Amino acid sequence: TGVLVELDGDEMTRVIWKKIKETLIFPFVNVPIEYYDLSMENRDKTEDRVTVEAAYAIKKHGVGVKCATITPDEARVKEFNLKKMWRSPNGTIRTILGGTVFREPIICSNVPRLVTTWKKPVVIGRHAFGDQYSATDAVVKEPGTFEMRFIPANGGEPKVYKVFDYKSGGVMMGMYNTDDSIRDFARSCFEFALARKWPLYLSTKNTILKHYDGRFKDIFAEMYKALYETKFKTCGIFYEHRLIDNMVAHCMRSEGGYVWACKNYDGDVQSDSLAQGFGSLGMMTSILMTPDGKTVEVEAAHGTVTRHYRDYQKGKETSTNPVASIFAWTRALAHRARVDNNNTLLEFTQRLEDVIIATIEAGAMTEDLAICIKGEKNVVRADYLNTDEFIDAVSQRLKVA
């Protein structure tokens, strides 16, 4: 009754995406899908127009599911003969939608973490706006002065700052963020943690960046005091600012069960460290949530798995883990279901997640999880299923459920 926006992708994830749709989704669910092909080739052909069209379609319809895509760089420009080094589609969509990207591991009882203390999941809430990701940078090739100016819109004295006099070359960068965006990030994070009844931590480096990072600290503190502190206390949870240095140490030590609000760059980096620590990138989920909770975009917290695609391309069997991709579909459909008051669709999504977990906990799993259990040296082919075998096995149990 509502529509689901689908964004097709690249390389190994695109092949798996087709299998997931045809095997675990379309046989059981009839939902109207608006489709956008975000393959590298179609982005180049459409001069990246598909990307922004897809983003606006998610805003219109309320829910999107996205397959991993290639982010061009020098090598990719050569590989595909790109017209331009097109921007990351993820940055474009997240820019258009706004919001915070919540990343969380999927834990199976029988798959150990790499970190021995980790008992419960940790959620990273990544601020998907500003800083490095909309920065302007340049190489300095001659002697000269880098300075910044702030120019008030009502005339009156521009403020100037001399940063550096280069003599023998270097680099320069400026970046910004906004009160509006920081306040939206804070609200998303307080709301997420409150719904979970988990505590909340914000990491910054305000110790060095007294003004830039101090703005994050002050905005979260203001918002906690005004709007959330009483509700948090009543639920037996709390919010705390932490020095980024201390926070990464805490994360190693802690058993989990907290929400961790991260600035754009820290969320990007620490999410991968977290994912890998929990066992595998194939078991890490990602959901962008707009401020208010009414628009989401769900994806796997990993890329296109091009190393595996290379093996796929030369006819070799691959056991890349489809679980995060499937959970993208289940959580997107669950959001679609709730808006639509469709309890049977919602129950289907829960049931598919349940059988995936049951399947793995009983010993049927892809090679990455076999490795977490046995160690890379000790796994043999009979210890795991290939990707299609894993998905076929899941559909079997799904059909009895």
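Residue numbers here begin at 1 and follow the sequence given.
Once the C-alpha B-factors are averaged per stretch, 158-166 and 244-252 rank with 158-166 first. Two stretches are in play, 65-73 and 367-375, and the higher mean C-alpha B-factor belongs to 367-375. Within the group 92, 285, 204, 290, the record's highest C-alpha temperature factor is found at 290. Of the residues listed, 134, 234, 181, 325, the entry assigns the biggest Cα temperature factor to 234.
Sort the chain's modelled residues by C-alpha temperature factor and residue 146 lands in the highest third, per the entry. Residue-level temperature factors show residue 80 in the highest third of its chain, judged at the C-alpha atom. Residue-level temperature factors show residue 238 in the middle third of its chain, judged at the C-alpha atom.
Residue-level temperature factors show residue 317 in the highest third of its chain, judged at the C-alpha atom. In the PDB entry, a CA B factor belonging to the highest third of its chain's modelled residues is recorded for residue 86.
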